[PDB]
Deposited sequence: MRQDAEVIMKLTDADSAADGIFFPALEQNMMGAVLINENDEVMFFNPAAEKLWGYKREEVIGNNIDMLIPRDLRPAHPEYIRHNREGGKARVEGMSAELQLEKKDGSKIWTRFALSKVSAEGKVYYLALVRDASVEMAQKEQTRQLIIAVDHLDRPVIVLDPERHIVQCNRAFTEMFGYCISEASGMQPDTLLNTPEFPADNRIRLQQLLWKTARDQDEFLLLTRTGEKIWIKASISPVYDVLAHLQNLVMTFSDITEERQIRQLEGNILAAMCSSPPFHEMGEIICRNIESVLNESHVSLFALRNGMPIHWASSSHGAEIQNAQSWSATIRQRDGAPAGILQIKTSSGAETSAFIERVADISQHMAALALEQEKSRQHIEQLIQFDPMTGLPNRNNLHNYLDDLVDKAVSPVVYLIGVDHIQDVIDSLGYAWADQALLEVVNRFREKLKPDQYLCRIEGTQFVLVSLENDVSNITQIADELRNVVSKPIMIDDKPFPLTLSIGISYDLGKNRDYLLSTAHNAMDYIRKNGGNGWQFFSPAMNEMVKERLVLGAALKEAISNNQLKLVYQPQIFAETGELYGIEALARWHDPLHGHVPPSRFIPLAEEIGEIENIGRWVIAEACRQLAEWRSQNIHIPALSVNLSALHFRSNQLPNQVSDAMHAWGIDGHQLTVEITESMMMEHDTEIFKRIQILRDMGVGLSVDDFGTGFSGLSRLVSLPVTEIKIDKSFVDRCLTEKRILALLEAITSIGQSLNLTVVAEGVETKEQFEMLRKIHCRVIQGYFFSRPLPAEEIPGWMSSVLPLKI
């Protein structure tokens, strides 16, 4: 029987009904839930307890129950509304039990006051407000830094729904692009920071888009100070970071007060970097009226263009300029555009303040002179009637340095550039710094060949990357050359800058003159060089041989081999012309090895009929023979053909003997070790040079055409020739002469006991043929 007293003692409401729905038990909890009294809750069936409207449904329901046959009731499992005795309606929960005994079915109902519905509804309200009219990504974290609750804005922005965002840390949840250092490590630092903190990151959503966000941690502790949870805000600063980077770049601009138009340029390209595919224009108040300050390089039409005009205002509020922007409709949000407009307007006003706040003779950066020194120097050149060739050099691709590293490294790059220019500067060449990027190089040599060489040297001096702290920014040069006779300095500077700008705009990395005719003359020289390269490539050049003979018996001493080139398109062109051109092309080694190889082959070819050919001499000084060529360039020819090695001789000048390094000295020594005779020009530089001469057996000294010339006119050179022949006779050397054309020359030269003679007197240079004819016909010309 204890069920009744226990149930009425229990604070859970209990109602008991029989098969006829008559009530037997109704606990005081049910009494206070309904308001009726047990003397009346019986009544007729269950009429009093049920709300009057739902009444008719209830019998059929329980009828269905006694027809259902199920041992469990799925009904009343949800929340329910109960009408009280006074007609008020409250929330409640029900539970049901069906029993069978004595052939009759009874039911018991348990009732609860439902104090949890207040919690459910309050939770629904704050679930509404966490999302509604607030696109504010907020997430919350456990002590283990696990996502516990995230709102609609966060799922919408970062694509990861709550089902796919829970149970894992935010960083592991987050797809992160590879900085690779910062945007990875600082995320972990912030996510594990214990105190309030914040940072900025670049992140990738589930759609692969790049965004910039700002993440803030602020933890919360319970009463006992243990860490309960953490809360994180996820503002999207991808538009704001553009504004902040705009600010940083523009400040790095005015840090050094560049010129006015330049300042407009930084403003404009920063705006363009901020507003994609737009147009920007600026005007400033000069003399009281608006005048154009700067504009963007873009000038194409804009579809659905929207224009905003902002009047620049100073601190006092007086107008100072107008900034105008045109943007396509739908490209950017309006609020972002207006924000950019006003912040840039403020910075333009500040730039104007700096400009009118700003408003000796050498450079305090690298030490080069400033524009005043160049002006004075050119003026001192002009008054005494000398034409200076003026190169204007503009350094290019510095904008990468300025944008990526500010000015404090652009000027370091400029210093490195100036060091490289000075390292190869020649004296009388004047280097000056005009302003910022530009330089002016002044040189008095008006030769086109030298000008081309200087320009090429400058262009290629910047070939190596400019190494600045493990960051090779490549830089280029744009050179404008001006040279005209009898023109003052302003014209030269103006045309130099015009040429520099022309090269820069068309792409840079190059050079150009101003005068058009000789700017085509350089092209024609390049054409000649192309023809010469073709000729040397397909071995068309020839070697004309000129004989030199003894002055006593007339027996053949030897014959020099001289390069010659006759072209169908260009005709005869002398070696004195196409050797300097060759070194301009820098292909002298080709001519050298071809000349050597062809001479060896020709000696072999002559050997098949007559071996009596005494000696063949190649003048390597006039051929501008380099240093490293000698060993291989002689050894390959020696071994390739049937030439012995004691028949062909090589000539070297004194400057090339022991100057411009000394590796060439032993490179000639090894060639002597091969056994090829040598020939020296001056043998000077004192007793050391003489020691080298005797130690390197030369066996023959040549007298240049000039000394033999005027030999019958100037007494000093006469005595010099006596000295030379006396020294030669003393040692084991045979002295040769060049440029002999008359009879008195030969007479006096033989009078001084000069051994052998060459020139036009005996034989005009015969071509590759009719040398055996000359040798068989008139070889013993006992004159």
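Peer 1: What gaps appear when the modelled C-alpha atoms are mapped onto the deposited sequence?
Peer 2: Model skips 1-19, 379-383 of the deposited chain.
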